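Beneath this line is the structure, given in structure tokens, with notes to follow.
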Amino acid sequence: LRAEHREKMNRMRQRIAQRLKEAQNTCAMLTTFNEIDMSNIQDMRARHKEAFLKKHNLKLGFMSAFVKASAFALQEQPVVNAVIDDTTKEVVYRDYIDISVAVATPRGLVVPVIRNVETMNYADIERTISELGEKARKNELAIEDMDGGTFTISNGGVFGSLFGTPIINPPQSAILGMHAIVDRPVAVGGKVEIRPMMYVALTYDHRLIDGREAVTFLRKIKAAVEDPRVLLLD
Amino acid sequence: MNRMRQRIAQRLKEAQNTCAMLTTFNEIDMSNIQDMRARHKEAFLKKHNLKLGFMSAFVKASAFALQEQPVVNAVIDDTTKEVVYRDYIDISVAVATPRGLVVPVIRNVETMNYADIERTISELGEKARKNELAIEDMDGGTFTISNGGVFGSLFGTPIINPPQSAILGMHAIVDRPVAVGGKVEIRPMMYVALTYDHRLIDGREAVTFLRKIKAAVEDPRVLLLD
Amino acid sequence: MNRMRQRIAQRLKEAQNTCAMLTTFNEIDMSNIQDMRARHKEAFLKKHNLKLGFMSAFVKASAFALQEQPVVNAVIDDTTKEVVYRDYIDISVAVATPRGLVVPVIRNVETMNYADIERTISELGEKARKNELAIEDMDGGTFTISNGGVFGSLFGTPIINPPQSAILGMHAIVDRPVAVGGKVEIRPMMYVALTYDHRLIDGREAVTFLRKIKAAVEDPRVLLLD
Amino acid sequence: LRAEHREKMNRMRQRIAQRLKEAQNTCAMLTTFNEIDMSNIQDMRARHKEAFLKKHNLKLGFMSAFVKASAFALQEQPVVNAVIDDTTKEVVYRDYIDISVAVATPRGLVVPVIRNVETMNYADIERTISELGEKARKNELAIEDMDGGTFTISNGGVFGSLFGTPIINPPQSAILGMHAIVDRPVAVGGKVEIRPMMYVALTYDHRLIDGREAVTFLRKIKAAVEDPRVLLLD
């Protein structure tokens, strides 16, 4: 039996598909990959998760380690923070860092913005994600705090993808895509151990960001997650 | 270049300028398929006069995943800005013969088993080989398998057949060290890819789709269960 | 004894005086069924709200063997001395509740999977438990499974439900030493029995029938193949 | 779709089903089982199968070991050779041994008779089965040499049954049913070895044969297959 039926799409879905194709026809997107060893983050979460819950009443997750390491890399290379506006053919630098965090709730995808990430620590980031996660869950999430982001983390790794290519939020110039954590054999010190590792991806605008600047950017995020004490040093 | 190659390059650029294509990857352990082919390949040839291959395991697992999530089966027609659902499953199979690429269609995959799929591929493989393959059975597919793995590519990005919304790309089988149970074994594994339309399919629905194909090839008894 | 027990003992002796019953035995290794139930019982309960048991593996393997040899599906009617073939498969399942034995019928087993069989047994098990089980759905079966193995019998001889021609009797699962690959392992194995009508079914056709049920329980991936 | 169609059975199948029910309503059938270790037969076939083919142009099988051991047990206990005729209520002894051998060909079951088994050896039995097997295969098998048997071997073991109950050929009083050969663990000498063993069955008439005489009969067949040198001795 061969049955097909035409259901229509509303005017809201019209604009979402319209903005999506404008993001590809504007900027020349490329993608680069790397690989992060997640051993120093898990034992940080293994021994300090109990004193964190007693003192702050929050959960200690992986997400706050990637947001704080992203603000570290952006303030070193400001060209990734930049945006090309094709109205006056201008290059708009910024001096503030607002990282948008895609948190997929039951309803669907929402992308709220964490404001002024430069001065925070892991305790401040965890407050911001938790209470704003409750806002969008019961649908009280405003429009005015969903725009103006300068960089975007995309957790598509809570479902188990190995690696993949993300899509740029069109008022920005780059996006980081984190993925699932698997145990794979690793050659460390000339021996074959098993360590939990993650593939990461970075989709960047090649009109603005150089091919070597995107590699150095993603290599700097790796150094601040394989060893989070670099945030206190250089 | 002739006028036929004019239109092929024309349709190819229309597929990129219409839909916003992205790609996601995963990895399948092919151990339960090979020992199925190791002990049952002799009773299969005596009883059916066919060869037992890898291809029929991917076609049957693809019809299983499509009937669970019908949004991958859908197509956006930009004529009336419509979303066309379908209730039938027709998987197109790219079988590269000596002449070149051909993409015939297997019709109504929902009711078949491995024996029915193997008949359909084998006799239609002989049709396109000696060039008697009609035009009327090359269109209307809803999903596409692309075996580019008979040449030895590690992984790569496929291209969407433009009346469809997704495509699966299988690749070469290599022996790589695998951490299973806290120990380092060697098991034959395959990288797979899924190129999807981001206008229609969500970013989390493409991951769940390819994760469901993996469960029906790492353990083919799920086709009898849920 | 009441007039109901009069007729039950009357029908029982008519089943012996009509057909020439014989019995044949075999032995099934239940290792591939238990690890199927070991890893998929949690995703089965979350997605279907049912329990994953042994019974649905024997009902689906019985419909596989009957559609290959239709002579076991046949019935001799001695009214016109006729041989009545059938093209449908209705397996009767004896489910001993607290009240006693009841034999309801599962209709049209050819198109089902393990999920469909488990729905049919579970909700109809609740009907006969609280005594709302109708008469109209207790007759017309073509084959019968008899679980007398929930009490711990080793093996034994069942009795044919008189409008049918064969009956399968499953039994208890014990761990016994097994010579596999030239070594002595311990594996859970079951004895099975098949009581058949020798007027209709040949002596070699009953052996081939029970050997085919064994192949679809020692390896349940044959249901996807030949 | 529920379709059923009535195809009739011919007048030949009428009588076969008629004779079958007369065999149950006449004699009180019981069944007893035992177990034979087939190790001394297989190494007899392992070393002498080449000199047997060169000198006789025949194949050395399992069947001739069971036919010769059956004529040995019948000439020791003549009561199994007997037949009760209910015409004059008589007990008919016999002094000859004619073993019927059911050899299932492609066409179906046929039961020809081997005549005068008392004087033969393994070479004579193998000639009789082989050339008469070719007769019934191309359908030249006469009627006059299918009746008058006194005992019956039933090879239902070429298909792989474990054990089962056979049916008595109605002019006889007993039937032996051999089965498949499997490797099972065996406690021999206080140790657990693996040896190829066969289950056998004997369906007997309890009107004539005693319950202890059927056990002693099947125990005597076992001794002449576990050790075939008893045929030269006692």
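We name chains A, B, ... following the order of the structure tokens; residues begin at 1 in each chain, and ligands are numbered from 1 as shown.
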Exercise for the section: Residues of chain A near chain B: apply a cut-off of 9 Å, count only C-alpha atoms, and supply the list as a PyMOL selection string. Expected result: chain A and resi 1-9+13-14+16-18+20-21+24-25+104+109+156+159-167+183-185+192-194
Using only C-alpha atoms, which residues sit within 12 Å of region 226-234 of chain D once same-chain residues fewer than 6 positions away are excluded, as a PDB file with N, CA, C and O atoms, in the first residue's frame?
```pdb
ATOM      1  N   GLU D  35      21.581 -48.212  25.944  1.00  0.00           N
ATOM      2  CA  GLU D  35      22.571 -47.308  25.385  1.00  0.00           C
ATOM      3  C   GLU D  35      23.833 -48.068  25.018  1.00  0.00           C
ATOM      4  O   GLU D  35      24.420 -48.755  25.854  1.00  0.00           O
ATOM      5  N   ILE D  36      24.269 -47.907  23.771  1.00  0.00           N
ATOM      6  CA  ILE D  36      25.368 -48.678  23.203  1.00  0.00           C
ATOM      7  C   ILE D  36      26.544 -47.749  22.946  1.00  0.00           C
ATOM      8  O   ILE D  36      26.362 -46.645  22.428  1.00  0.00           O
ATOM      9  N   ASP D  37      27.747 -48.187  23.317  1.00  0.00           N
ATOM     10  CA  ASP D  37      28.986 -47.467  23.044  1.00  0.00           C
ATOM     11  C   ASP D  37      29.559 -47.970  21.726  1.00  0.00           C
ATOM     12  O   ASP D  37      29.917 -49.144  21.611  1.00  0.00           O
ATOM     13  N   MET D  38      29.678 -47.074  20.750  1.00  0.00           N
ATOM     14  CA  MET D  38      30.010 -47.431  19.372  1.00  0.00           C
ATOM     15  C   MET D  38      31.485 -47.240  19.062  1.00  0.00           C
ATOM     16  O   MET D  38      31.835 -46.831  17.956  1.00  0.00           O
ATOM     17  N   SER D  39      32.381 -47.514  20.010  1.00  0.00           N
ATOM     18  CA  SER D  39      33.795 -47.251  19.768  1.00  0.00           C
ATOM     19  C   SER D  39      34.474 -48.410  19.050  1.00  0.00           C
ATOM     20  O   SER D  39      35.344 -48.191  18.202  1.00  0.00           O
ATOM     21  N   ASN D  40      34.103 -49.648  19.375  1.00  0.00           N
ATOM     22  CA  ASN D  40      34.760 -50.792  18.751  1.00  0.00           C
ATOM     23  C   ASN D  40      34.263 -51.032  17.332  1.00  0.00           C
ATOM     24  O   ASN D  40      34.871 -51.793  16.575  1.00  0.00           O
ATOM     25  N   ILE D  41      33.145 -50.418  16.956  1.00  0.00           N
ATOM     26  CA  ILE D  41      32.665 -50.575  15.590  1.00  0.00           C
ATOM     27  C   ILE D  41      33.347 -49.574  14.672  1.00  0.00           C
ATOM     28  O   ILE D  41      33.660 -49.886  13.517  1.00  0.00           O
ATOM     29  N   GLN D  42      33.632 -48.375  15.176  1.00  0.00           N
ATOM     30  CA  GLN D  42      34.182 -47.340  14.309  1.00  0.00           C
ATOM     31  C   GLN D  42      35.645 -47.588  13.975  1.00  0.00           C
ATOM     32  O   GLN D  42      36.080 -47.294  12.857  1.00  0.00           O
ATOM     33  N   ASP D  43      36.430 -48.130  14.912  1.00  0.00           N
ATOM     34  CA  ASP D  43      37.820 -48.417  14.572  1.00  0.00           C
ATOM     35  C   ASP D  43      37.941 -49.712  13.777  1.00  0.00           C
ATOM     36  O   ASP D  43      38.958 -49.946  13.118  1.00  0.00           O
ATOM     37  N   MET D  44      36.926 -50.573  13.846  1.00  0.00           N
ATOM     38  CA  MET D  44      36.837 -51.669  12.892  1.00  0.00           C
ATOM     39  C   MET D  44      36.605 -51.128  11.493  1.00  0.00           C
ATOM     40  O   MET D  44      37.172 -51.627  10.518  1.00  0.00           O
ATOM     41  N   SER D  64      25.249 -53.600   9.039  1.00  0.00           N
ATOM     42  CA  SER D  64      25.532 -55.029   9.092  1.00  0.00           C
ATOM     43  C   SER D  64      25.965 -55.513  10.468  1.00  0.00           C
ATOM     44  O   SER D  64      25.920 -56.718  10.728  1.00  0.00           O
ATOM     45  N   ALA D  65      26.385 -54.611  11.354  1.00  0.00           N
ATOM     46  CA  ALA D  65      26.720 -55.008  12.714  1.00  0.00           C
ATOM     47  C   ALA D  65      25.478 -55.202  13.566  1.00  0.00           C
ATOM     48  O   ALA D  65      25.506 -55.973  14.527  1.00  0.00           O
ATOM     49  N   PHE D  66      24.397 -54.504  13.237  1.00  0.00           N
ATOM     50  CA  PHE D  66      23.154 -54.635  13.983  1.00  0.00           C
ATOM     51  C   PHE D  66      22.310 -55.796  13.492  1.00  0.00           C
ATOM     52  O   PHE D  66      21.534 -56.357  14.267  1.00  0.00           O
ATOM     53  N   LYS D  68      23.594 -58.708  12.199  1.00  0.00           N
ATOM     54  CA  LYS D  68      24.234 -59.930  12.664  1.00  0.00           C
ATOM     55  C   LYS D  68      24.107 -60.108  14.171  1.00  0.00           C
ATOM     56  O   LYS D  68      23.963 -61.239  14.639  1.00  0.00           O
ATOM     57  N   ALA D  69      24.112 -59.019  14.936  1.00  0.00           N
ATOM     58  CA  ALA D  69      23.896 -59.121  16.372  1.00  0.00           C
ATOM     59  C   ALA D  69      22.442 -59.403  16.711  1.00  0.00           C
ATOM     60  O   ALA D  69      22.155 -59.900  17.802  1.00  0.00           O
ATOM     61  N   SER D  70      21.516 -59.096  15.804  1.00  0.00           N
ATOM     62  CA  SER D  70      20.109 -59.379  16.062  1.00  0.00           C
ATOM     63  C   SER D  70      19.786 -60.846  15.831  1.00  0.00           C
ATOM     64  O   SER D  70      18.947 -61.412  16.533  1.00  0.00           O
ATOM     65  N   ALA D  71      20.438 -61.476  14.854  1.00  0.00           N
ATOM     66  CA  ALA D  71      20.236 -62.903  14.635  1.00  0.00           C
ATOM     67  C   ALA D  71      20.891 -63.724  15.730  1.00  0.00           C
ATOM     68  O   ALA D  71      20.507 -64.872  15.972  1.00  0.00           O
ATOM     69  N   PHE D  72      21.900 -63.159  16.390  1.00  0.00           N
ATOM     70  CA  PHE D  72      22.527 -63.842  17.512  1.00  0.00           C
ATOM     71  C   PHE D  72      21.612 -63.868  18.726  1.00  0.00           C
ATOM     72  O   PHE D  72      21.544 -64.875  19.440  1.00  0.00           O
ATOM     73  N   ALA D  73      20.901 -62.772  18.980  1.00  0.00           N
ATOM     74  CA  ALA D  73      20.064 -62.702  20.170  1.00  0.00           C
ATOM     75  C   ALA D  73      18.764 -63.473  19.983  1.00  0.00           C
ATOM     76  O   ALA D  73      18.191 -63.974  20.953  1.00  0.00           O
ATOM     77  N   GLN D  75      18.306 -66.299  18.239  1.00  0.00           N
ATOM     78  CA  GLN D  75      18.463 -67.747  18.286  1.00  0.00           C
ATOM     79  C   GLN D  75      18.767 -68.223  19.698  1.00  0.00           C
ATOM     80  O   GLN D  75      18.840 -69.431  19.947  1.00  0.00           O
ATOM     81  N   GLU D  76      18.969 -67.295  20.631  1.00  0.00           N
ATOM     82  CA  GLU D  76      19.156 -67.689  22.020  1.00  0.00           C
ATOM     83  C   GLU D  76      17.837 -67.679  22.781  1.00  0.00           C
ATOM     84  O   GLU D  76      17.569 -68.580  23.583  1.00  0.00           O
ATOM     85  N   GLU D 118      20.980 -66.691   9.734  1.00  0.00           N
ATOM     86  CA  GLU D 118      21.736 -67.495  10.694  1.00  0.00           C
ATOM     87  C   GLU D 118      23.113 -67.908  10.192  1.00  0.00           C
ATOM     88  O   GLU D 118      24.034 -68.057  11.002  1.00  0.00           O
ATOM     89  N   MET D 120      25.048 -66.303   7.763  1.00  0.00           N
ATOM     90  CA  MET D 120      25.787 -65.277   7.055  1.00  0.00           C
ATOM     91  C   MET D 120      26.902 -64.694   7.919  1.00  0.00           C
ATOM     92  O   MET D 120      27.035 -64.989   9.107  1.00  0.00           O
ATOM     93  N   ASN D 121      27.720 -63.861   7.288  1.00  0.00           N
ATOM     94  CA  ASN D 121      28.703 -63.026   7.959  1.00  0.00           C
ATOM     95  C   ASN D 121      28.471 -61.586   7.527  1.00  0.00           C
ATOM     96  O   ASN D 121      27.445 -61.275   6.920  1.00  0.00           O
ATOM     97  N   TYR D 122      29.415 -60.701   7.855  1.00  0.00           N
ATOM     98  CA  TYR D 122      29.261 -59.305   7.455  1.00  0.00           C
ATOM     99  C   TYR D 122      29.362 -59.132   5.946  1.00  0.00           C
ATOM    100  O   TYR D 122      28.786 -58.192   5.393  1.00  0.00           O
ATOM    101  N   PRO D 196      31.428 -41.830  21.452  1.00  0.00           N
ATOM    102  CA  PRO D 196      30.211 -41.810  20.625  1.00  0.00           C
ATOM    103  C   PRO D 196      29.235 -42.901  21.031  1.00  0.00           C
ATOM    104  O   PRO D 196      29.543 -44.093  20.949  1.00  0.00           O
ATOM    105  N   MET D 197      28.046 -42.496  21.479  1.00  0.00           N
ATOM    106  CA  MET D 197      27.076 -43.450  21.990  1.00  0.00           C
ATOM    107  C   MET D 197      25.726 -43.273  21.312  1.00  0.00           C
ATOM    108  O   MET D 197      25.364 -42.178  20.886  1.00  0.00           O
ATOM    109  N   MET D 198      24.975 -44.370  21.250  1.00  0.00           N
ATOM    110  CA  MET D 198      23.684 -44.448  20.583  1.00  0.00           C
ATOM    111  C   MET D 198      22.621 -44.931  21.561  1.00  0.00           C
ATOM    112  O   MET D 198      22.861 -45.864  22.329  1.00  0.00           O
ATOM    113  N   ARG D 219      19.787 -56.293  26.197  1.00  0.00           N
ATOM    114  CA  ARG D 219      21.100 -56.297  26.826  1.00  0.00           C
ATOM    115  C   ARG D 219      22.055 -57.217  26.077  1.00  0.00           C
ATOM    116  O   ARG D 219      23.275 -57.045  26.136  1.00  0.00           O
ATOM    117  N   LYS D 220      21.512 -58.192  25.349  1.00  0.00           N
ATOM    118  CA  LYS D 220      22.351 -59.125  24.604  1.00  0.00           C
ATOM    119  C   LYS D 220      22.778 -58.539  23.265  1.00  0.00           C
ATOM    120  O   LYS D 220      23.858 -58.854  22.757  1.00  0.00           O
TER     121      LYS D 220
END
```
Using only C-alpha atoms, what does the table of chain B residues within 9 Å of chain C look like, with each row giving the shortest atom pair and its distance in Å to one decimal, sorted by chain and ascending number, as a Markdown table?
```
| residue | atom | partner | partner_atom | distance |
| --- | --- | --- | --- | --- |
| B:36 | CA | C:221 | CA | 8.2 |
| B:40 | CA | C:222 | CA | 8.6 |
| B:43 | CA | C:226 | CA | 8.5 |
| B:44 | CA | C:226 | CA | 6.8 |
| B:47 | CA | C:226 | CA | 7.5 |
| B:48 | CA | C:226 | CA | 7.8 |
| B:113 | CA | C:224 | CA | 5.5 |
| B:114 | CA | C:225 | CA | 5.5 |
| B:115 | CA | C:225 | CA | 5.8 |
| B:220 | CA | C:221 | CA | 7.5 |
| B:221 | CA | C:221 | CA | 6.6 |
| B:222 | CA | C:40 | CA | 8.6 |
| B:223 | CA | C:113 | CA | 8.6 |
| B:224 | CA | C:113 | CA | 5.5 |
| B:225 | CA | C:114 | CA | 5.5 |
| B:226 | CA | C:115 | CA | 6.5 |
```
Chain fit of chain D to chain A, all Cα atoms, as a compact mmCIF listing (two decimals) with C-alpha atoms, in the first residue's frame:
```txt
# COMPACT_ATOMS: atom_id res chain seq x y z
CA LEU D 1 0.00 0.00 0.00
CA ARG D 2 1.45 3.35 -1.15
CA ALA D 3 0.05 6.23 0.90
CA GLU D 4 1.50 9.72 1.23
CA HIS D 5 -0.09 12.82 2.72
CA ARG D 6 0.91 16.47 2.59
CA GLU D 7 1.08 18.17 5.98
CA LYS D 8 2.10 21.82 5.87
CA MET D 9 4.83 23.67 7.75
CA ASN D 10 4.01 26.86 9.61
CA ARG D 11 5.45 30.33 9.08
CA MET D 12 7.85 29.94 12.01
CA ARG D 13 9.50 26.92 10.39
CA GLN D 14 9.63 28.98 7.17
CA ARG D 15 12.04 31.47 8.74
CA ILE D 16 14.18 28.85 10.53
CA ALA D 17 14.90 27.11 7.23
CA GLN D 18 15.43 30.54 5.68
CA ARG D 19 18.04 31.66 8.23
CA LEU D 20 19.78 28.29 7.93
CA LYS D 21 20.49 28.64 4.22
CA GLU D 22 21.66 32.24 4.69
CA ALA D 23 24.34 30.99 7.08
CA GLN D 24 25.81 28.78 4.35
CA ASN D 25 25.56 31.33 1.53
CA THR D 26 27.30 34.05 3.56
CA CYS D 27 30.41 32.51 5.10
CA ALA D 28 32.85 29.88 3.82
CA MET D 29 32.69 27.20 6.50
CA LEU D 30 35.43 24.64 7.08
CA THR D 31 35.91 22.14 9.91
CA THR D 32 38.91 20.92 11.91
CA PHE D 33 39.11 18.13 14.49
CA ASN D 34 41.26 17.12 17.48
CA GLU D 35 41.05 14.81 20.49
CA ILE D 36 40.92 15.50 24.23
CA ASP D 37 41.89 13.13 27.06
CA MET D 38 39.26 13.49 29.79
CA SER D 39 41.13 11.87 32.69
CA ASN D 40 41.98 14.95 34.77
CA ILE D 41 38.38 16.18 34.62
CA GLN D 42 36.80 12.96 35.85
CA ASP D 43 38.95 12.56 38.96
CA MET D 44 38.31 16.23 39.70
CA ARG D 45 34.65 15.24 39.62
CA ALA D 46 35.36 12.05 41.54
CA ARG D 47 36.69 13.57 44.77
CA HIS D 48 35.24 17.08 44.83
CA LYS D 49 31.62 16.33 43.86
CA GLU D 50 30.57 15.82 47.47
CA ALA D 51 32.03 19.01 48.94
CA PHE D 52 30.64 20.90 45.94
CA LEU D 53 27.07 19.76 46.59
CA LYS D 54 27.21 20.48 50.32
CA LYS D 55 28.63 23.97 49.88
CA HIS D 56 26.84 25.20 46.73
CA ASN D 57 23.82 22.85 46.23
CA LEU D 58 24.76 22.24 42.60
CA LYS D 59 25.93 19.36 40.43
CA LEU D 60 29.48 19.22 39.08
CA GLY D 61 29.42 18.49 35.35
CA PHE D 62 31.60 18.46 32.26
CA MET D 63 30.00 21.56 30.71
CA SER D 64 31.56 24.17 33.00
CA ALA D 65 35.07 22.96 32.11
CA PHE D 66 34.47 23.64 28.42
CA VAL D 67 32.90 27.07 28.94
CA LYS D 68 35.75 28.34 31.11
CA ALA D 69 38.39 26.95 28.75
CA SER D 70 36.62 28.62 25.82
CA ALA D 71 36.76 32.08 27.41
CA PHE D 72 40.46 31.50 28.02
CA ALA D 73 41.21 30.80 24.36
CA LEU D 74 39.08 33.66 23.02
CA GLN D 75 40.78 36.35 25.08
CA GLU D 76 44.16 35.27 23.71
CA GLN D 77 43.19 35.33 20.02
CA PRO D 78 40.65 38.14 19.50
CA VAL D 79 40.26 37.42 15.77
CA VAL D 80 37.95 34.49 16.52
CA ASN D 81 35.83 36.90 18.56
CA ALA D 82 35.45 39.18 15.51
CA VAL D 83 32.49 39.36 13.07
CA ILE D 84 32.43 40.53 9.44
CA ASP D 85 29.41 42.74 8.75
CA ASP D 86 28.81 42.87 5.00
CA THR D 87 26.67 46.02 5.29
CA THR D 88 29.64 48.40 5.32
CA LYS D 89 32.19 45.58 4.66
CA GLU D 90 33.50 46.01 8.20
CA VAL D 91 35.37 43.86 10.75
CA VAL D 92 33.71 44.26 14.15
CA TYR D 93 35.99 43.40 17.05
CA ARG D 94 34.53 42.87 20.51
CA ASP D 95 36.01 43.13 23.99
CA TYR D 96 33.36 41.08 25.82
CA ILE D 97 32.83 37.32 25.73
CA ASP D 98 29.29 35.90 25.66
CA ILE D 99 29.23 32.13 25.12
CA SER D 100 25.93 30.66 23.93
CA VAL D 101 25.13 27.21 25.30
CA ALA D 102 22.78 24.91 23.38
CA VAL D 103 20.91 22.94 26.06
CA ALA D 104 18.52 20.44 24.44
CA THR D 105 15.51 20.11 26.75
CA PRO D 106 12.49 17.86 26.14
CA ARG D 107 10.71 20.58 24.15
CA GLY D 108 13.60 20.99 21.70
CA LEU D 109 16.75 23.03 21.16
CA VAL D 110 17.22 26.38 22.91
CA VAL D 111 20.34 28.54 22.81
CA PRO D 112 20.56 30.96 25.77
CA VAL D 113 23.56 33.18 26.40
CA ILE D 114 25.94 33.29 29.36
CA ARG D 115 27.00 36.91 29.82
CA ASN D 116 30.52 38.15 30.69
CA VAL D 117 32.38 34.86 31.08
CA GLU D 118 35.78 36.53 31.66
CA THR D 119 35.41 37.04 35.42
CA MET D 120 33.68 33.81 36.43
CA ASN D 121 34.86 30.52 37.91
CA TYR D 122 33.33 27.04 37.84
CA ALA D 123 30.94 27.98 40.65
CA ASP D 124 29.52 31.00 38.81
CA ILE D 125 29.03 29.14 35.51
CA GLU D 126 27.22 26.29 37.25
CA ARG D 127 24.74 28.69 38.85
CA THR D 128 24.02 30.34 35.51
CA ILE D 129 23.36 27.11 33.61
CA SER D 130 21.25 25.48 36.34
CA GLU D 131 18.70 28.21 37.04
CA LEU D 132 18.40 29.20 33.39
CA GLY D 133 17.97 25.54 32.53
CA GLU D 134 14.89 25.56 34.75
CA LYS D 135 13.52 28.66 33.01
CA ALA D 136 13.49 27.21 29.49
CA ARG D 137 12.18 23.89 30.82
CA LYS D 138 8.89 25.38 32.03
CA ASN D 139 8.87 27.91 29.12
CA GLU D 140 9.50 31.28 30.76
CA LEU D 141 12.63 31.91 28.71
CA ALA D 142 12.68 35.43 27.29
CA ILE D 143 13.70 36.52 23.80
CA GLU D 144 16.01 39.35 24.91
CA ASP D 145 18.56 36.94 26.42
CA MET D 146 18.90 34.67 23.37
CA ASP D 147 20.87 36.98 21.07
CA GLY D 148 24.24 38.68 20.98
CA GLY D 149 26.40 35.62 21.57
CA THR D 150 29.96 35.59 20.26
CA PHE D 151 30.79 31.86 20.48
CA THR D 152 28.76 28.68 20.81
CA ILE D 153 29.20 25.33 22.53
CA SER D 154 27.08 22.50 21.09
CA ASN D 155 26.59 19.43 23.28
CA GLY D 156 25.44 16.81 20.83
CA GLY D 157 27.32 14.28 22.91
CA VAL D 158 24.53 13.32 25.31
CA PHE D 159 23.24 10.98 22.61
CA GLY D 160 26.42 9.19 21.58
CA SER D 161 27.72 10.57 18.31
CA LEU D 162 31.36 9.83 17.59
CA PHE D 163 32.16 13.06 15.72
CA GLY D 164 30.41 15.32 13.24
CA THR D 165 30.16 18.75 11.66
CA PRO D 166 28.18 21.54 13.38
CA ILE D 167 26.56 24.64 11.84
CA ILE D 168 27.45 28.26 12.62
CA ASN D 169 24.98 30.44 14.47
CA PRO D 170 24.92 33.21 11.83
CA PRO D 171 25.81 36.31 13.92
CA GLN D 172 29.03 34.53 15.01
CA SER D 173 32.24 33.34 13.40
CA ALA D 174 33.00 30.01 15.10
CA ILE D 175 31.35 27.12 16.95
CA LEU D 176 32.73 24.29 19.11
CA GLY D 177 31.12 20.86 18.99
CA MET D 178 31.74 18.42 21.82
CA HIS D 179 30.84 14.74 21.53
CA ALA D 180 30.54 11.44 23.38
CA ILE D 181 33.15 10.01 25.75
CA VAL D 182 34.36 6.51 24.90
CA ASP D 183 37.14 4.32 26.25
CA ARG D 184 39.69 3.68 23.51
CA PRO D 185 43.22 2.26 23.60
CA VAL D 186 45.83 5.01 23.80
CA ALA D 187 49.60 4.91 23.23
CA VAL D 188 50.97 6.80 26.24
CA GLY D 189 54.64 6.59 27.20
CA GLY D 190 55.24 3.79 24.72
CA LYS D 191 52.58 1.57 26.31
CA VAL D 192 48.97 0.85 25.38
CA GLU D 193 46.57 2.07 28.07
CA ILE D 194 42.80 2.63 27.99
CA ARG D 195 41.67 6.20 28.64
CA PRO D 196 38.36 8.05 28.13
CA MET D 197 38.75 10.39 25.17
CA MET D 198 36.50 12.82 23.29
CA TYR D 199 36.58 14.06 19.70
CA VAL D 200 35.93 17.77 19.28
CA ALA D 201 35.20 19.87 16.21
CA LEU D 202 35.51 23.54 15.31
CA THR D 203 33.60 25.05 12.40
CA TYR D 204 35.08 28.39 11.42
CA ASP D 205 34.66 31.16 8.85
CA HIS D 206 37.53 31.03 6.38
CA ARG D 207 36.85 34.57 5.14
CA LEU D 208 38.06 35.91 8.49
CA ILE D 209 39.94 33.23 10.42
CA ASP D 210 43.14 31.83 8.93
CA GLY D 211 43.68 28.10 8.48
CA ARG D 212 46.50 28.06 11.02
CA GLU D 213 44.65 30.21 13.55
CA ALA D 214 41.81 27.71 13.84
CA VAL D 215 44.26 24.90 14.58
CA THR D 216 46.04 26.93 17.27
CA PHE D 217 42.67 27.88 18.79
CA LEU D 218 41.44 24.30 19.19
CA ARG D 219 44.86 23.21 20.43
CA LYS D 220 44.57 25.79 23.21
CA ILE D 221 41.17 24.50 24.35
CA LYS D 222 42.73 21.03 24.59
CA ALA D 223 45.52 22.23 26.89
CA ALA D 224 43.02 23.75 29.34
CA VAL D 225 40.99 20.54 29.59
CA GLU D 226 43.84 18.01 29.64
CA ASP D 227 45.34 20.12 32.45
CA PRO D 228 43.01 22.71 34.01
CA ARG D 229 45.80 24.35 36.04
CA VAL D 230 46.88 26.35 32.97
CA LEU D 231 43.97 28.71 33.73
CA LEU D 232 45.96 29.88 36.77
CA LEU D 233 49.20 30.14 34.77
CA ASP D 234 49.70 31.65 31.23
```
Handout entry: Between CA of residue 213 (chain B) and CA of residue 123 (chain B) - distance in Å to one decimal
Key =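 So the answer is 26.1 Å.
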